[PDB]
Structures are given as C-alpha cells and as structure tokens.
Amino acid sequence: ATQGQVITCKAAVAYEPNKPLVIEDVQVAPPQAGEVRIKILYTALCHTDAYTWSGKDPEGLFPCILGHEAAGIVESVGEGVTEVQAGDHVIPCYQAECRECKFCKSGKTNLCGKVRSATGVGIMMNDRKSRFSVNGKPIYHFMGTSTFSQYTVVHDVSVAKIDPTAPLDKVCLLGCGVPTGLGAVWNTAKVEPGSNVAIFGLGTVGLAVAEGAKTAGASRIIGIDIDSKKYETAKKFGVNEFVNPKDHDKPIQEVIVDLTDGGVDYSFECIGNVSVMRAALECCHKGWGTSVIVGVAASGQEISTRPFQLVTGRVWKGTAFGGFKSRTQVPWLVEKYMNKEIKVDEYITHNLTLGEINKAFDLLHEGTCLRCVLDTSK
C-alpha cells in the first residue's frame, strides 16, 4: 500500500529561473485533512508554466514543481474528503470551488477564495507547508496543482471528478485554455446566434473562443494574429475571416470597424497585451458591442480608452477560467467532449514524455505549437 505513506517518484523540479528543469526522485507526503493525492498520468504545458519558469511571475517561488493542466487517478484522500476516493479519474484545477465561501454562495461569480492564501505561496492550507521534498528540503507547489510529477497533492476543493472512460491524454487540456475560451463565449459574453465576433490571438485560447463562438451560432468569426500561418490552422476551429495587423498601416481597431461597417458584436482579447486589449474594445460596435479580456497582462501594465467608448454603449469585461465553476463544470465539459460536442484532440499538436520536458519547453516558441501533452510514466 502507498496509503498513508511517503511516495517516491519522478518530478520535474525548477530550481532556478531559466535553468533546465531537473528530473528528480522527490518525496511526496501523504494527504492531510481535505487533501487528495493524485497519480498524474498526463500533463500538458503552456506558457503560464513557462512564464513562471522564466523568472517573470511575481508569485514564482523556487525550487518548485510547475504544471497546472493534467489528468490522473486518485491514489488516496486525506481525512474528511468525501467527493472523490481512490481510483477516481480526476482533473486537478488551479481554480477551486469550495461551495461555501461568499463568492461561491453569491451565484454571481466562479471565483473562490478558499485556498488561494496557501496555493498562491506554494504551500498547503492544512499546515502551511509543502508536500514535496528532495533530500529533506521542501519544494514549492505551483498554482495548487504541481502536475509536472508522477504524483501530486492538491486541495479537495480543487479536484474535478470526471468520466472514468474519458482518455486522460486528451482531457488534461480541460484544466486551462479550452474551458477558458469556450466559457468566455458561453458564460461571460453570452454570444447569441448571428453575432459577429473578433478574436485577437489565435493560440489555444483564441482557437477555443472560435470553437465556442461557432458552437453558439456566430456569423462572422474574424481572427487577428501577427503570425499569418495561424489562419489555415484556425479555420477548422471556426475562424472564417483573418487579418494580420502587419498588413495595415491604420490601427487594427479601425480595420475591423471598416470590415464590419461599425464594429463587431463581441471581441475577445486572447494574448495579454494592453494595447491589443484597447484595440479589441474599440472595434466593438457602438450602442451594444462588448469586449472580453481573456489574456493576462504583466504586472503594472494598464488598459486605457477614452470614456466616450463606454458612454456610447460598449461594455468592457473579462473572464477567469471562462466563468466555469471547476468542480461542477469541468466534468460537464468532459461529458461534452465524450459526446463529440467540443473539440479537445485538435489542440494537441505534440506528444512527449515528462523526461523530455525541456524539449517540450523548446516547442512553446514554435508558431505551429498549440498544446504539448506529456506522458509522466517515462
């Protein structure tokens, strides 16, 4: 039995920014009250991992085990945990759903405050310490998930129980970019049939917005990206018009307004660039257009516009995980995937192993790369 015992396993440890990750045998402590220990079978990576690895995350603490997009099988649960048990298939989520805080009970938001005071500084709530160690020294958790590892320990309030027949090498993507994009359309914007939409940035997030908009019945789905090779890829996801800002001297907002005789019904910024966020708002139609910020700006960066943009009827909003409540709705997303109503496989452009994680990180710089999934068994 591994039950109640320390597990020794392989993990990719980031000891310093910009140094290659080291595959180590780490000690993974057993789960304390309200905790779940998960055997991670597959983990994806994205630029959020890379940002922290690169030393730019104000919350980054080293050494740490990165990774926040994964799916595995519960090994063991700690005292009091009732919603999952050993053997359940699960997606650990970086956004919790406690069901008991003011945010959860509001019915007006998917934010949840419950464990953020621990997860944001790389530790567990129960004892304000890590469950990972190498040579008896602690290793920080990351985003409450730490999925670059054969085993992790997470808060129960962050574990989504999923269909046990769903392929774990695909549904790992339902912990980040795909829900955020779909949900930006379906939950945050509530895009109606016939709407015209602009999507700025055609990475995994922007491609999931395109899928969500297409599914919701949008008409024009105009993609905007500085890399023109993104368009052929994006077509399959629903983008049906394309503009590269580099092909126009006029501000991209002015180009989209011209193209649409006044602007779009909804826009989505899927990059993290405050200038492009402004452009996204300014290309929305007067009277009713709504812009949704999905990208995450760097610390200290600000969005600006002239207030007449809002006085004359444009609405500025943003989204966190697409407005989805993680424990309740990630499983539903998995169901939709199993019934072929959402795409997941099409976002997975590469498959490597945890051992090749440094090689995976090198792929993030390639324009053709959407998500890369890692098999943690080797």
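All residue numbers refer to positions in the sequence shown, first residue = 1.
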So which stretch wins on mean C-alpha B-factor, 136-144 or 291-299? 136-144
Mean Cα B-factor check, 74-82 vs 304-312, entry values; winner is 74-82
Given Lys161, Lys214, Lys250, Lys170, identify the residue with the highest C-alpha B factor in the PDB entry. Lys250
According to the Cα B-factor stored in this entry, which of the following is highest: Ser195, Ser228, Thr152, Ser275? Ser228
Where does the C-alpha B-factor of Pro30 rank in its chain, lowest, middle or highest third? highest
Sorting by Cα B-factor within the chain, modelled residues only, which third would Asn339 end up in: lowest, middle or highest? middle
State the tercile, meaning the lowest, middle or highest third, of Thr349 with respect to the CA B-factors recorded for its chain. highest
By the record's CA B-factor, is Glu254 among the lowest, middle or highest third of residues in the chain? middle
Entry-reported C-alpha B-factor of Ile224 relative to its chain, by third, is lowest
